[PDB]
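Undergrad: Pasting an experimental structure, sequence included:
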Amino acid sequence: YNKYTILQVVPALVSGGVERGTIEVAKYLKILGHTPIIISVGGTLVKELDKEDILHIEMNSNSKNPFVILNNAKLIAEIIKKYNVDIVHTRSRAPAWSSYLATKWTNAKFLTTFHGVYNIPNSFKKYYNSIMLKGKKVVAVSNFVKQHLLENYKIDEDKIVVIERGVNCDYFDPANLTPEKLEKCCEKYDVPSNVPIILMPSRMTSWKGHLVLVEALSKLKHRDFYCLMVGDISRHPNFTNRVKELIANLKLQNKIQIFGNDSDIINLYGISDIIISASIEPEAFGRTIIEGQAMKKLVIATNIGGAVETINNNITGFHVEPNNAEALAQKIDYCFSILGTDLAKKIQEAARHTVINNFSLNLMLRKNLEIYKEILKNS
Ligand SMILES: [Cl-]
Ligand SMILES: [Cl-]
Ligand SMILES: [Cl-]
Ligand SMILES: [Cl-]
């Protein structure tokens, strides 16, 4: 008929919103009457999969042992035969050895999505693109990743399909903010009343740029403001104490405060006026940029990686040079001077418009189903 079985394989390394993409695609396939299956190593992911009632198969990946690769490939192949899987969809960092073997032996098709920029040995690039990816397609989550696949992997262009990352415009919707839930968030985060709020929703790791923003906000010690740094502070705790100290030694403890991860990030966007991505090493895509644009905010992102891909400079947001405190401090100062004006409103409106028109989760999900149909054409 027109109903498909899509088996997604998720690895232990999940940088780049890999688990979020896998769950949203599974849920979408369910609604359309398709059958999603997810093979994972287990962990916290299974909890959501059970909530959404999606068939999950635990399995232990080990790319270091050929016997395990061959035996996992057999297990997957038997899963394929069991559920008449039409496509195996891998989102692994290295080549998905076991999954590739499973599809080579069965009628299933092989789809790869690259959620980031990783390197493969130069000796392997010829074999990968010529033999392994013959008659196959690959998905890049950004044009920044697609460029890597072209210049580094030397993968043929007509193999690469870009499916930009999407933001749930139904969840990230300023029309859902209530004046009460906002006040509760200002009360939870010690937010002052009549000052601009700067939100940096970044994991507390070194390459995110926290240090650059703190040196930038020090250059604006004369302006009144309040900066919130919300994100995990556990994976790199050594770095967190380092930042909190720099804020202290610069006597900025009352204008910048660090908080653990935010349960409901939507109310934190709603209370903010300026969102910051200050990464000094490139990112495949700037999730918080798109999320901030969806919330009708003034967005400032470093011009590096895919983080500026969603920003039409001076129209839906602003670019800054990475690792440049003065350039960042001046852009933040500029936004202060236009907050409240018709221009800010224009940019803020334009920002959510461009996310609805080009970077919605809805369009991401549909682009995934299209590439499934292309892969399954002539069957
Ligand atoms: Cl995806
Ligand atoms: Cl993107
Ligand atoms: Cl959406
Ligand atoms: Cl890391």
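TA: The structure has been received and is ready for your questions. Numbers count the residues shown, from 1 in each chain. Ligands and ions are numbered 1, 2, ... in the order given.

Undergrad: May I have the secondary structure class of residue 15?
TA: Here residue 15 is recorded as coil under DSSP: H, G, I helix; E, B strand; the rest coil.

Undergrad: Could you find the closest non-adjacent residue to it?
TA: Excluding the flanking residues, the one nearest residue 15 by CB to CB, 6 or more residues apart in numbering is residue 116, at 5.9 Å. Bear in mind the C-beta positions are built from the backbone N, C-alpha and C, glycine included.

Undergrad: Residue 30 now?
TA: residue 36 (6.1 Å).

Undergrad: The residue nearest to residue 15 contacts residue 282, doesn't it?
TA: No: using CB atoms under 8 Å as the test, residue 116 is too far from residue 282 to be in contact (9.7 Å).

Undergrad: Tell me which residue of the stretch 101-250 of the chain lies closest to ligand 2.
TA: The stretch 101-250 of the chain approaches ligand 2 most closely through residue 164 (3.7 Å), counting by CB to the ion.

Undergrad: So that residue sits against residue 142, correct?
TA: Yes: under the criterion of CB under 8 Å, residue 164 makes contact with residue 142 at 6.3 Å.

Undergrad: Helices along the stretch 51-200 of the chain, start to end?
TA: Secondary structure of the stretch 51-200 of the chain (DSSP state H, counting those that start in this stretch): helices at 66-83, 97-105, 122-127, 143-151, 179-188.

Undergrad: In a markdown table, list the ones you listed along with distance to residue 304 and mean neighbour count.
TA: What follows is the helices of the stretch 51-200 of the chain, written out as a markdown table (distance: least, CB to CB, whole Å; neighbours: other CB atoms under 10 Å):
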| stretch | distance to residue 304 | mean neighbour count |
| --- | --- | --- |
| helix 66-83 | 36 | 16 |
| helix 97-105 | 32 | 21 |
| helix 122-127 | 25 | 11 |
| helix 143-151 | 9 | 18 |
| helix 179-188 | 30 | 13 |
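
Undergrad: Residue 303 is nearest to which of those?
TA: helix 143-151 (11.4 Å; CB to CB).

Undergrad: how much space is there between the residue nearest to residue 15 and residue 370?
TA: Distance, residue 116 to residue 370, by CB to CB, to the nearest Å: 23 Å.

Undergrad: And the strands in the stretch 101-250 of the chain?
TA: For the stretch 101-250 of the chain, the strands defined by DSSP state E, counting those that start in this stretch cover 109-114, 137-140, 160-162, 197-201, 226-230.

Undergrad: Now render these as TSV, adding distance to ligand 2 and mean neighbour count.
TA: What follows is the strands of the stretch 101-250 of the chain, written out as TSV (distance: least, CB to the ion, whole Å; neighbours: other CB atoms under 10 Å):
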stretch	distance to ligand 2	mean neighbour count
strand 109-114	12	22
strand 137-140	9	22
strand 160-162	8	18
strand 197-201	17	24
strand 226-230	22	22
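
Undergrad: how deep is the closest residue to residue 115 other than its chain neighbours tucked in, by neighbour count?
TA: Excluding its sequence neighbours, the residue lying closest to residue 115 (CB to CB, 6+ apart) is residue 16, at 3.4 Å. Counted with other CB atoms under 10 Å, residues neighbouring residue 16 total 24.

Undergrad: if I read this right, residue 16 contacts residue 285, doesn't it?
TA: Yes: shown here, residue 16 and residue 285 form a contact pair, counting by CB under 8 Å, at 7.4 Å.

Undergrad: what touches both of these two?
TA: Common contacts of residue 16 and residue 285 (CB atoms under 8 Å, 6 or more residues apart in numbering): residue 141.

Undergrad: Compare residue 116 and residue 370 and say which is more crowded by neighbours.
TA: For residue 116 versus residue 370, the count of surrounding residues by other CB under 10 Å is larger for residue 116: 23 against 12.

Undergrad: which residues does that one contact?
TA: 15, 16, 93, 141, 145, 284.

Undergrad: what about the second one, distance to residue 141?
TA: In other words, residue 16. In terms of CB to CB, residue 16 sits 7 Å off from residue 141.

Undergrad: shared neighbours of those two, which are they?
TA: 115, 116, 284, 285.

Undergrad: Reformat those residues into a markdown table and put distance to residue 257 next to each item.
TA: Listed next are those as a markdown table, based on distance: CB to CB, whole Å:
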| residue | distance to residue 257 |
| --- | --- |
| 115 | 31 |
| 116 | 30 |
| 284 | 29 |
| 285 | 27 |
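
Undergrad: so which of these would you say is closest to ligand 3?
TA: Closest to ligand 3, out of all of these and judged by CB to the ion, is residue 285, at 15.7 Å.
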